[PDB]
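Each answer follows from the model by the rule given with it, or from the source it names; no laboratory instrument gave them. Methodologically, a virtual Cβ is constructed for each residue, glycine included, from the backbone with ideal geometry; neighbour enumeration extends over all protein chains shown.
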RNA sequence: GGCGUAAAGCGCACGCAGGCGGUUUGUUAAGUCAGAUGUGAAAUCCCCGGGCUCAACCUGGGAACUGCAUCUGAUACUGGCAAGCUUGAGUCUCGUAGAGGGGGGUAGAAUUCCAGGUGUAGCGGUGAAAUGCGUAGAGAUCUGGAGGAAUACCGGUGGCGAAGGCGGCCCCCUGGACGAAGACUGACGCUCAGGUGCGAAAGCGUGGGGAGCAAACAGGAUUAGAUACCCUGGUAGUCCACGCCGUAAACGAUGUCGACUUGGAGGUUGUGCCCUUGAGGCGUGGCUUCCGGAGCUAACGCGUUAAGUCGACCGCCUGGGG
RNA sequence: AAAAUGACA
Ligand SMILES: [Mg+2]
Ligand SMILES: [Mg+2]
Ligand SMILES: [Mg+2]
Ligand SMILES: [Mg+2]
Ligand SMILES: [Mg+2]
Ligand SMILES: [Mg+2]
Ligand SMILES: [Mg+2]
Ligand SMILES: [Mg+2]
Ligand SMILES: [Mg+2]
Ligand SMILES: [Mg+2]
Ligand SMILES: [Mg+2]
Ligand SMILES: [Mg+2]
Ligand SMILES: [Mg+2]
Ligand SMILES: [Mg+2]
Ligand SMILES: [Mg+2]
Ligand SMILES: [Mg+2]
Ligand SMILES: [Mg+2]
Ligand SMILES: [Mg+2]
Ligand SMILES: [Mg+2]
């Protein structure tokens, strides 16, 4: 469920500052880390319908942020989708 | 004039929030009745009353609750005015044409025991009238010396006498009312906040309003 | 979410007088302050205040000539979902001229009695009776 | 114009196109507003006019044809561009309450059945009664064993979930809400046609399981008949795994998202200060039941969780039967 | 326990 140490690593790797939590880059990374870890969970618990609703909120939220970045900084945005790997 | 300060009151935990500009707080989760705001408006109506009492306005005093009942007969019937010490017969003001007939019947009823029907006929039809006399004299008293509709009403409980106000509100009669923490300020245009259900408190009101009636006519 | 903040500003006045409150307070904006300057002119309300730095919060004062209120009918006319613009000869009339209608002409905020006597015209911000 | 009860809110959510969009500064001039230029055939319409003896009827001048295009010029609003701003929305740290979900185990009460021991003549059932069970030992009672389903007490208009709904105890995968103090991102927001997902119980398909209940069915009784209610039995089903179905009085008969507007009695759940002095007292956040003021309206009633005052989008309604 | 029904004006 992306514990604190599992989160304290991504925020520094993607964020611009040691305390830069909240920028568009780090927010997306913290979602794709939950999303691409929850692939294993729903491999086993397939009919976990109630949890799956929470994931579809994560996937939906991520696309909302990436649209905002795409309208803001094209070079920064297309750098982001490849240093993480998505958008196919 | 905050001379005594003996009627903090508070009447309850609940309230009608329409007296928010008339309250403070106390440690018992209950609302302190203002005495600083009370003083100026209180003497306004006394000044107003003296302006109307000089033209013989037939002041009416309404005290119905048991505790303050007797002191109304010590203020209204004391000087010249009228009281309703016991329950208010619904419609006594707007339905005057019917209470008028019953007051006239009373005047016969009292004299039906002076020189009429007390001993010259059967007690089942002579004494029973006195049972109707006693039911009347406390249910309809000092108003027996009236000559029509009054011009100034004076009430103590703005809630316990909320139906006497409406008849007065129905006509044009201005009224002085001693509202409380639980009371309603609207309807009555001459607001006098303060605790009511205390003999040491009512004496402050009645004893210091009947004086203004006294000075109006002289 | 709030989308017509002007329609919010008027409603504070409506409920402020229904509750018989002395004054109201709400966040400030340049169009709002211009609106409140107009109502300061026509005697609907007394002076106002715009104290605020990062939360500029306008603070009006409601007016009671008698026990009653003064702003009897204040309604939003050109809402965002349907905006209406009027021209110099078709300016709306409120209670045969006894009220006013606020028009934001090309030369700043104004009322239909001064824009009519200036040859101008614009969007009908609201009505105030 | 409406949508609690008269016809009318999709069962619930996610969401592309579309609609709408906080606050400041600059700039553009597309919407918008102001003038002119050109065009808007004549007549008919309308104002002041004239001629037939009046009128109907002809006729002169205006005004109107709300329009569309260009040229000038205004910049308050909307839209575009750019730079910010923190209030909206989201992220981070600490902690809280939970029948929220998926999977795997295990306990104890009871019912049924099976193998036995004492034990006698009835048991069971009804408004009465009969069917039925029993001398082949029934019913009652004690011991041992096997199975499936459901979790008494706590338990409460208590809690969680978007809705459907969720209830013994433990474990490990997992979702969302809440609060204090802080830091960051800086419009990233609301709504949603067509789409996508979920969606009680019953039913369906392929396999398992089957104690108790029990549609269908049978016998007894009631009744004028009784294809019923009552009684004795009893099949699918109820239970599990995996795929369907997509409907309910799926109801608060009340779409989602904001802001504003007197009060009481509680519950539950964080919490930050005096009086940690022991109760407590003071505060304030989130959910929730009841009564009620203004207001609303056909009345019932609703009422800070509005059906009150407004703003944005979405669905639906047009006499009853057919 | 049993207790069904009553043309229109
Ligand atoms: Mg999350
Ligand atoms: Mg209608
Ligand atoms: Mg209906
Ligand atoms: Mg619904
Ligand atoms: Mg749909
Ligand atoms: Mg704006
Ligand atoms: Mg233009
Ligand atoms: Mg023409
Ligand atoms: Mg002529
Ligand atoms: Mg702009
Ligand atoms: Mg939505
Ligand atoms: Mg089923
Ligand atoms: Mg089956
Ligand atoms: Mg049966
Ligand atoms: Mg339906
Ligand atoms: Mg339901
Ligand atoms: Mg419905
Ligand atoms: Mg209520
Ligand atoms: Mg027949």
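Just one of the listed residues (C:83, C:79) is out of contact with any helix residue (DSSP H, G or I) (no Cβ under 9 Å at 6 or more places or on another chain), in a loop (DSSP other than H, G, I, E, B) and touching a residue at least 24 places away in the same chain (Cβ under 8 Å), namely C:83.
None of C:81, C:67 is exposed (fewer than 13 other Cβ atoms within 10 Å of the Cβ), farther than 15 Å from residue C:128 by Cα and outside the structural domain of residue C:124 (by CATH) except C:67.
When the stretch A:1-16 is limited to residues that are farther than 22 Å from residue A:51 by Cβ and within 7 Å of RNA strand D (Cβ to nearest atom), the one that is nearest to the other protein chains (Cβ to nearest Cβ) turns out to be A:11. Condition check: within 14 Å of chain C (Cβ to nearest Cβ), in contact (Cβ under 8 Å) with a residue 12 or more places away in the chain and within 27 Å of residue B:168 (Cβ to Cβ). Does residue B:58 satisfy that? When the stated conditions are applied, residue B:58 does not pass them. Taking the stretch C:1-18 as the range and being closer than 19 Å to residue C:125 by Cβ and either near RNA strand D (Cβ under 6 Å from one of its atoms) or assigned by CATH to the domain that holds residue C:81 (or both) as the test, the residues that pass are C:2, C:3, C:4, C:5, C:7, C:8, C:11, C:12, C:14. Looking only at residues of the stretch A:36-61 that are out of contact with any helix residue (DSSP H, G or I) (no Cβ under 7 Å at 6 or more places or on another chain) and not in a helix (DSSP H, G or I), we find that the one that is farthest from residue A:2 (Cα to Cα) is A:47. Quick check on the stretch C:96-108. Is at least one of its residues in a loop (DSSP other than H, G, I, E, B), away from ligand 1 (no atom under 16 Å from the Cβ), on the phi > 0 side of the Ramachandran plot and in contact (Cβ under 8 Å) with a residue 12 or more places away in the chain? Among the residues of the stretch C:96-108, at least one is in a loop (DSSP other than H, G, I, E, B), away from ligand 1 (no atom under 16 Å from the Cβ), on the phi > 0 side of the Ramachandran plot and in contact (Cβ under 8 Å) with a residue 12 or more places away in the chain, which makes the answer yes. Against the numbered list (1) assigned to a helix (DSSP H, G or I); (2) over 21 Å from residue B:142 (Cβ atoms); (3) without any contact (Cβ under 8 Å) to a residue 60 or more places away in the chain, residue B:98 comes up short only at (2). Suppose we keep only residues that are out of contact with any helix residue (DSSP H, G or I) (no Cβ under 8 Å at 6 or more places or on another chain) and closer than 16 Å to residue C:125 by Cα within the stretch C:23-35. Which one would you say is surrounded by the fewest Cβ atoms within 10 Å (Cβ to Cβ)? Among residues in the stretch C:23-35 that are out of contact with any helix residue (DSSP H, G or I) (no Cβ under 8 Å at 6 or more places or on another chain) and closer than 16 Å to residue C:125 by Cα, the one surrounded by the fewest Cβ atoms within 10 Å (Cβ to Cβ) is C:30. Filtering the stretch A:56-69 to residues that are more than 14 Å from ligand 1 (Cβ to nearest atom) and exposed (fewer than 15 other Cβ atoms within 10 Å of the Cβ) leaves A:63, A:67, A:68. Could you list, in sequence order, the residues of the stretch B:117-138 that are part of a loop (DSSP other than H, G, I, E, B) and surrounded by 14 or more Cβ atoms within 10 Å (Cβ to Cβ)? Passing the criteria: B:117, B:118. Picking from residues in the stretch B:163-189 that are part of a helix (DSSP H, G or I) and either surrounded by 14 or more Cβ atoms within 10 Å (Cβ to Cβ) or at positive phi (or both), the one that is nearest to the other protein chains (Cβ to nearest Cβ) is B:169. Residues considered: C:57, C:46. Of these, the only one that is within 20 Å of residue C:21 (Cα to Cα) and in contact (Cβ under 8 Å) with a residue 24 or more places away in the chain is C:57. Restricted to the stretch A:30-55, and to residues there that are under 10 Å from the mean Cα position of the chain (by Cα) and within 13 Å of ligand 1 (Cβ to nearest atom), the residue that is farthest from the other protein chains (Cβ to nearest Cβ) is A:33. Taking the conditions (1) assigned to a helix (DSSP H, G or I); (2) touching a helix residue (DSSP H, G or I) at 6+ places or on another chain (Cβ under 6 Å) in turn, residue A:75 satisfies each one other than (2).
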